[PDB]
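# Examination of the molecular architecture
Single-letter residue listing:
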Amino acid sequence: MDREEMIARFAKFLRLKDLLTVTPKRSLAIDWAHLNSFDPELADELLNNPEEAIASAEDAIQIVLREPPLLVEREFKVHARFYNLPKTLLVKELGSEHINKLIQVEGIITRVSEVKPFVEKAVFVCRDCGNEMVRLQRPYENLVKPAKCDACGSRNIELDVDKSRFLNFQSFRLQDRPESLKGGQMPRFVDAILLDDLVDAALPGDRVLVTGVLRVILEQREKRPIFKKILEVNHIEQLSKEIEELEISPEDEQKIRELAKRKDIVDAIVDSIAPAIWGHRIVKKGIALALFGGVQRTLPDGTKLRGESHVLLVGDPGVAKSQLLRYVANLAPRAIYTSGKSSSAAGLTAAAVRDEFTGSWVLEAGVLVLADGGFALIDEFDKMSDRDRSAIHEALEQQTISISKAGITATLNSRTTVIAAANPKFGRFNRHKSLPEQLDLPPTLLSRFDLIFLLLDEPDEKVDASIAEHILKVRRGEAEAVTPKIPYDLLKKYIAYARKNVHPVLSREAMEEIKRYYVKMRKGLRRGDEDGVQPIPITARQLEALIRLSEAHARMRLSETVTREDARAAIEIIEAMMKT
Amino acid sequence: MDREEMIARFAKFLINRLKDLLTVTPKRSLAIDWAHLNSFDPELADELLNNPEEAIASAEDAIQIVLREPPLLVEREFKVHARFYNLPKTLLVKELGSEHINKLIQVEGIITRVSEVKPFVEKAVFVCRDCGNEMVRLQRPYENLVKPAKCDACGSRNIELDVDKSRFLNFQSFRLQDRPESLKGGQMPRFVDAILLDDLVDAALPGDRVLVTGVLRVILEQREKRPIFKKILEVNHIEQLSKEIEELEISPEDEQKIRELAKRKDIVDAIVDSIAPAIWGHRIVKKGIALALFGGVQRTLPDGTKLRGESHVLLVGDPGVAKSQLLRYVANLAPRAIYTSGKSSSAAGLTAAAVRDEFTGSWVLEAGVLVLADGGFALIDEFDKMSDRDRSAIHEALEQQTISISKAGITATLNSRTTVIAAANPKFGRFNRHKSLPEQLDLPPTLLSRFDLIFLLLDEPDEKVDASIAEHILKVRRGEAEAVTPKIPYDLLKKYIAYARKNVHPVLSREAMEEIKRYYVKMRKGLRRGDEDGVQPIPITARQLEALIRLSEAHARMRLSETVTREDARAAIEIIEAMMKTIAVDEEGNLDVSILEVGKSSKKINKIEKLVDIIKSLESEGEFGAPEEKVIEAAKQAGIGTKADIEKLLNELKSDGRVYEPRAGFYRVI
C-alpha cells in the first residue's frame, strides 16, 4: 500500500518492449496479464485503489527512463495506460459499488464535445495584494472558485491564465450498445472525460472498449441525488470485431446444410419477412438483396467501392409504411427503427447541438452513424429535417457525414444500408404523374437508391382476396401460414456469417450476360425515352446498382462465384425498379 | 429497547433463511414473512411494526452476528431486507395519515415517476489539511449541506470530504400514486414520493402497479416554524404483490353467469345494462362502445410478431349537448379505466414525458394516462384538445403499443396498451355531412384511420319528428323505469368482464373467416372504377380488414367462446358497414378521407386545378403567375369547379401549403 516501495515493485516488472517504440509517444499501453504473472495482488490493486497505483505506475516509467541501461531525455509526460482488465462491464453494471474503482465498460459514442482547454494547475492571484496561490484542479471535479485569500481574506482572488498550466479536455457520452443487453432494458449513459493524450482518440459513433475510474461530482443540494457518474478515462481503444459480430459457430453446420437444398434462394426470402404478408414478392426479393449486401472492397490508390443497396419502399401509406420495416429490424443485425421526424435533435444524420455544460458546439451522432454495418430502416422519409437533408446526399454516395461544424471538423462514417420509405406529398399518387417530382425527395436523391419499389392497395380481385384469405388464417394460428421454413434465429445468424467469410467475385460468363442487357436497353430505347434534356433510363451509375445485386444474389447462395443464371436473377429485379 | 434483547431473539428464529442468502452474496436480502415470525414469537412481529428505525437495524446486526459466530464465520450478507414481505395490514395512498409516521407500513399503488440511479453519499467523513480533525457527519437523502462551520480542534474552515472513506450506495427517486382500478367514481388520487436504495433500486418503471413496504419517514420540523408537508417513504423490502391484491379476485358469480349466458339475447342485455336508459336514440352506435369494453386475443409469435385486439372508438363532430359525454361516465364500468380529459393539466400529458422535479434535482420520467392504464381502458372526454408534444407520441402509442419516450436520454419506451373509447367536440357550432372527419377536427388524419369504429350522432332538424320523441322519453322518465332499466347491475356486469377478458379466449372458424373474406372482396368490386389521371379510391383498406377481425373477436367473447363464430361475424361486419355508410364514404366508399386529410375527389380536383395553375405559373399574366381570375375560367370550362368551389379550394391550398397568393387575383404554386 506504501507508494515509496510500490515503484520499486513496479521496477522489477518494467511492457518493457512497448516503451522503446512509444518513447516519442505520450501513452504507454500496459497489459494486466503481464502484471498478473509478476504480482496478482498488484494487478488487483489497480481495480481497488486506482487513484494512487496509477500515479506510482506513472512514476515508475520515469525511473526506467532514467536508468543507466535505458537513459533517455527526462519526459514527465508519460501516461500509464492499462488496456486489458479481467472484467468487462455492461450497460447498467455501473453503480455505486464501482465508485473509485478501475472498471472496463464497452459501448458506442453517441455525443462528443469540442476540443477545449482545461485548467489543470489553477494559479490564483489577488487584485488587492497579489498572493501567488496555486491549486491543482482535478478534471473529474466541478468548477470551483476559492472563497477568500490566504493573506487578507478578500474576494479578489481570481484565476490568471498566464502562469496557469493547461491540459487538453474532451467529454463524450458513453451510451452503450443497444444489442438487447440486460434483457432489453432502457440504456443508461455515463458521460466520460478524455485526457490530453487521449483527446480525439475516437469519433462519435464507433464501437469502443474504454476503461476508466467512476467518480462523483457535487451538483445538487440533497446528499443522495448530488452525483454524476463521470468516468475518468485511463485508456481508450477500439472494440474487437469478435465481440462486435455474432457467434455463428453453433449455427455453422446448419447453414452449410442449407446449401445442399436447391431452394436456398427462395428460403431466405419468405423467411426474411413474415409469411403473414403474402404480397410484394418482387419487393421481398429486393429487401433480401438489401440485407446480403455487396462486397465493400477498397479500391487501390485511395478509393472505395459502394457495396450497399439502399431500397426505396415509398408508396401508399396503406400497404407501405406498415410492418415491412419492423420484421426486418428484428432479423437484421444492428438495425434501429427510426422515423423521419423525431424529438431528438440529431434524427437521421449527425446534427450538432450547441447546449452543453460548457456551451461549446457539441456533436450528437445520428442513427445513421450509430449503425456502422447496420440497417437504419427509416420510416416517413418525406418529413425529414432540413439540416439532415444537406448531409443525406453524402451519406448515400460516400457513407460519410461531414458535419464541418464549430469545433468538430472530422467526418462521421455512416456505413449503413438504409431502407427508406415515405408518404407522397400530395397523396394517392399514380403513374400519370412523374415519380421524383410528386414526392418530397429530390430527383438527385432518388438516384442514390438502387431499388425504388411502389406499393399501393390495388382494387384487383385476387390481390384483395389473397390478403383477405391470409390475414384471416394467421389470426386463427395455422402453422403453414405462420411458421417459416428456417427459424428466424437461424436466418439472423445466416446474415452475419455470410458477410464475414464469403465474397462474390466476377466471372467471365456472368459479365457477358450484362453486356446483352445493357446494349438492349439503349439501342433506340435511349433516344425514345429522352427528349434531349430528359434523363437516361440506364446509366453508368445504374450499372453499379446491377452488379451490387449480382453479388447480393450470390451471397444468399454463398458460392463465392457469380454465374450467368445468377446475374440473370439480378436482371429482372432491376427491370422491376424501372417499370414499377 | 435493549441492544442484545432483539439480537438474541432474531438469531434464535433466523438458519435456513440465511443459508440461501449465503449462496448469493450480491442479493443481501431475505424474504421474511409476518406469519413465520409470529409463529415463533408474536411480540417480535409487533415490535418491528411499532418501531422499525433501530429494531430492524439490530435485527440486521443479528443476521450479521449469526454470520460472525465461531462456527459460522463467513463475512457475507451484511445487509438484509429486515422488512417482511407479508404484512398484517396494507395501507393505501388514499388512507394514508400522520399517525403511521416513523413506523413500518405497506403501501400499494402504481408508480408514475422514476429517477436515474445515482450514488448516495452516506456517512460522509471530513478531514482537514491544516488541522486534521477526524470526524464523520451522517447525511440523509432529504438533508442538504450537512457539514460543520468550523473544526472542533482548531476551528479550520477548509474542510475536505473523503469519498473513499465514506460509503456510496445506490439511490433512486420514485413517486407512488393511487391505482385507477380500485379507485371508484368521484375520487381524487394523492401522490406520495418514495426513495429506492441499494439492492432495491430499478425495481419497476413508470406505468405499472408495484408494491412498496418499509419505514415511513418525514422531513425534520424546526421549532417555531410551519409544518413540513414533505414526506418520504423509505422502501426497504422489494416485492411485487400489488397486482395480485387488485387484479386477482375470486368471482363466485361465475357459476350464476353460466345460466345467464346460456339464454338468448345476452349481448343485447349487457348493452342495455352497461349504458344509461335515459340516453336514447342510438342502438348500433352504443353497441360498438359496448363491444369495445371486452378485448380480443393478444398472443405472442416469433420474430416480434403481434396483433393488438383493442378496438378504439372515437366520435367527432358531435353536438353541444350530446349523450356521449354522459355515456362516457357510464363507459368507466370497464376495469382499469381512467376518466380524464385530453388536457391532463400536467407537463407529461396523455403520453409519457420527462418533467423536472423540485424535490429531487435529477431528471425523472413521468407517466400519463396512456401508460398508467396499461392492460385496461383510457377514456378521453376531449380527444381533440391535446398538446402538440403529446400528439407526436400518440401516433406510436395507439399503433405500436408503446409510448417510445426517448427525449429523456434513457429511452424508457413505456408500454401504452389501453382501449381508448374517446370523443371529440367539433370546432364549429354545427356539424354538416359535406365536411369530412379530418377537416372538422383538430387532430391529424393518421389518428382517425387507426380507430376501429368511428360514429357520429346527430338529431333531426325538424321538431315534428325530433321533439316528439326526445322530450317524450325524458319527461316521464323522472322517477320511473324509463331513465334506468338495467336487468343486471353495473358492478355485476363489471365482474363478468374480468372473467371474459382473462379466462375466456374465443377463436373463429373457417366458415366465419370466409364470411369476412367474401364480404371484404365483394364490396371492393362494387365501388371499383377507373380514375382519370389518378388512383381510384379503395372501398376497404388492408388495415381496416384487421379491425374487422377485432370486432368479430369482441363479439365472440360474449358468445361463450364458440368455435363457429358465423353468428357473430355477420353483426361485426354490419357494425363496420354502418360506420362506413357515413364516414369514409365521400366518392363511393372512399377510405382516402380516413387515411388522409384530402379525399380522392378532393385531390383529383386539386390535381385538375394544378393543371390550370402550373401551365401558367411562371407566366405573370396579372399581378403574378397563374391569376385567380384566369384560373377560375380555366377550371369552370374544364369542369373542375365553379367560382365558389375554386375559392374554397384556393384557401385550402394556402392552408395545406400547396399554392399561395402574393396579391388579390393571383395564386402562385408554392
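Residues numbered from 1 in each chain as written, not as in the entry; some residues may be left out. Chains lettered and ligands numbered in written order. Part of a larger assembly, values for the part shown. Heavy atoms only, no water. Residues with missing side-chain atoms left out of burial classes, pairs and counts.

Regarding how it was determined, this PDB entry cites cryo-EM in its header, along with a resolution of 3.26 Å.

### Description of the overall build of chain B
The number of helices and strands found in chain B is 23 helices and 21 strands. For a compact globule of 670 residues, the expected C-alpha radius of gyration is about 26 Å, and chain B comes in at 33 Å, more than 25% above that figure. When the backbone C-alpha atoms are referred to their principal axes, chain B occupies close to 105 × 70 × 55 Å. (Helix = DSSP H or I, 4+ residues; strand = E, 2+ residues; numbered from the N terminus. Rg over C-alpha atoms; globule rule 2.2 N^0.38 Å.)

### A short note on the interface of chain B and chain A
Every contact between the two is made by 53 residues of chain B and, on the other side, 35 residues of chain A. For the side of chain B that touches chain A, the secondary-structure elements that each account for two or more residues are β3 (118–122), β7 (167–177), α17 (510–526), α18 (542–556) and α21 (600–611) of chain B. Broken down by element, the side of chain B that touches chain A gets its largest block of residues, six residues, from α17 of chain B. Of the residues contributing to the side of chain B that touches chain A, the split by class is 25 nonpolar, 14 polar and 14 charged. (Contact = heavy atoms within 4.5 Å. Nonpolar A, V, L, I, M, F, W, Y, C, P; charged D, E, K, R; others polar.)

### Observations concerning the pairing of strand β11 (residues 207–215) of chain A
Residues and elements named next belong to chain A. Where strand β3 (residues 102–108) meets β11, seven bridges bridge the pair, whose relative direction is antiparallel. Bridged to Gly107 within β11 is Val208. Alignment of β11 against strand β12 (residues 230–238), held across eight bridges, turns out to be antiparallel. Counted as the bridge partner of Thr211 is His235 from β12. (Pairing = 2+ DSSP bridges.)

### As for the sheet that holds strand β6 (residues 121–126) of chain A
Residue and element names in this part refer to chain A. With respect to topology, three strands assemble into an open sheet ordered β7-β6-β8, the strand pairing being antiparallel. At either end of the open sheet lies a strand with only one pairing partner, and these are β7 (133–136) and β8 (157–159). Pairs of neighbouring strands in the sheet enclose a mean axial angle of 30°, with direction left out of account. One ladder, built from three bridges, connects β6 with β8; its direction is antiparallel. Residue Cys126 lies in a different strand from β8, and its bridge partner there is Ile157. (Axes fitted to C-alpha atoms, helices over the stretch in contact; angles between N-to-C directions.)

### A short note on the packing of aromatic side chains
All names here are of chain A. Here the aromatic rings of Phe13 and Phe38 are separated by 5.4 Å at their centres, their planes lie at 70°, and the arrangement is edge-to-face. Looking at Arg173, its charged tip hangs above the ring of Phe189, at a distance of 3.9 Å from the centre. The aromatic ring of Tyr140 is capped on one face by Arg215, whose charged end is 4.4 Å from the ring centroid. (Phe/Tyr/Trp six-rings, centres within 6.5 Å; stacked < 30°, edge-to-face > 60°. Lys NZ or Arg CZ within 6 Å of the ring centre and 35° of its normal.)

### Here we look at unusual backbone geometry
All names here are of chain A. Of note, the phi angle at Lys182 is positive, near 55°, even though the residue is not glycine. Relative to the helices and strands, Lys182 resides in the loop between β9 (166–175) and β10 (189–194). Here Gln323, not a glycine, exhibits a phi torsion of approximately 70°, which is positive. Relative to the helices and strands, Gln323 resides in the loop between β13 (311–312) and α10 (327–331).

### A short note on the packing of α18 of chain B against helix α19 (residues 566–582) of chain B
Residue and element names in this part refer to chain B. Orientation of α18 relative to α19, taken along the N-to-C sense of each, is 130°, at an axis distance of 8 Å. Taken together, the axis directions place α18 and α19 in an arrangement best described as oblique. Here α18 and α19 pass one another in a crossing that is right-handed. Residues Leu551, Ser552, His555 and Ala556 of α18 pack against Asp568, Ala569 and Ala572 of α19. When its residues are assigned to classes, the contact of α18 with α19 shows four nonpolar, two polar and one charged. (Parallel < 35°, antiparallel > 145°, perpendicular 65-115°, else oblique. Left-handed = near helix turned anticlockwise from the far one by under 90°.)

### Points about the pattern of salt bridges
Residues and elements named next belong to chain A. Notably, a salt bridge pairs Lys163 with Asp160, separated by 3.0 Å at the nearest N-O pair. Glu512 is paired through a salt bridge with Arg516; the nearest N and O atoms lie 3.2 Å apart. With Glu512 and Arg516 both in helix α16 (residues 508–521) and four residues apart, the pair spans about one turn of that helix. Salt bridges linked by common partners bring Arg306, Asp450 and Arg548 together as one network. (Salt bridge = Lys/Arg side-chain N within 4 Å of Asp/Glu carboxyl O.)

### Brief notes about the environment of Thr88 of chain A
Residue and element names in this part refer to chain A. Take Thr88: it is sitting in the loop between β2 (79–82) and β3. On a C-alpha basis, the gap between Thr88 and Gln104 in space is 5.0 Å, while along the polypeptide they are 16 residues apart. Within polar-contact distance, the side chain of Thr88 engages the side chain of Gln104 at 2.7 Å. (Polar contact = N/O pair within 3.5 Å; in protein donor to acceptor, adjacent residues only side chain to side chain.)

### With respect to the sheet that holds strand β4 (residues 124–128) of chain B
Residues and elements named next belong to chain B. With respect to topology, three strands assemble into an open sheet ordered β5-β4-β6, the strand pairing being antiparallel. For this open sheet the edge positions go to β5 (135–137) and β6 (159–162), each flanked by a neighbour on one side alone. Strand after strand, the sheet turns through a mean of 40° between neighbouring axes, direction not considered. Of the strand pairs in this sheet, β4 and β5 are connected by three bridges, and their pairing is antiparallel.

### Brief notes about the environment of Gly366 of chain A
Mapped onto the fold, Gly366 of chain A is located in the loop between β16 (362–364) and β17 (378–379). In this structure, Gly366 of chain A is in contact with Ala346, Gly347, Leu348, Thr349 and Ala350 of chain A, ignoring residues within four places of it in sequence.

### Some details on the packing of helix α13 (residues 461–476) of chain A against α17 of chain B
Viewed as axis vectors pointing N to C, α13 of chain A and α17 of chain B meet at an angle of 155°, and their least axial separation amounts to 9 Å. Between α13 of chain A and α17 of chain B, the crossing angle belongs to the class labelled roughly antiparallel. α17 of chain B is crossed by α13 of chain A, and the crossing has right-handed handedness. Contact with α13 of chain A, carried on its side by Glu461, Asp464, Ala468 and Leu472 of chain A, involves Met513, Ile516, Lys517, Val521, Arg524 and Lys525 of chain B of α17 of chain B and no other residues of that element. Residues that form the contact of α13 of chain A with α17 of chain B fall into these classes: five nonpolar, no polar and five charged.

### Structural notes on the side chain of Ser362 of chain B
Summarising the element assignment, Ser362 of chain B is placed in the loop between β13 (353–355) and β14 (364–366). At 3.4 Å, the side chain of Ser362 of chain B and the side chain of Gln220 of chain A are in polar contact. In this view, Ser362 of chain B contacts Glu219, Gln220 and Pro225 of chain A; residues no more than four positions away in its chain are not counted.

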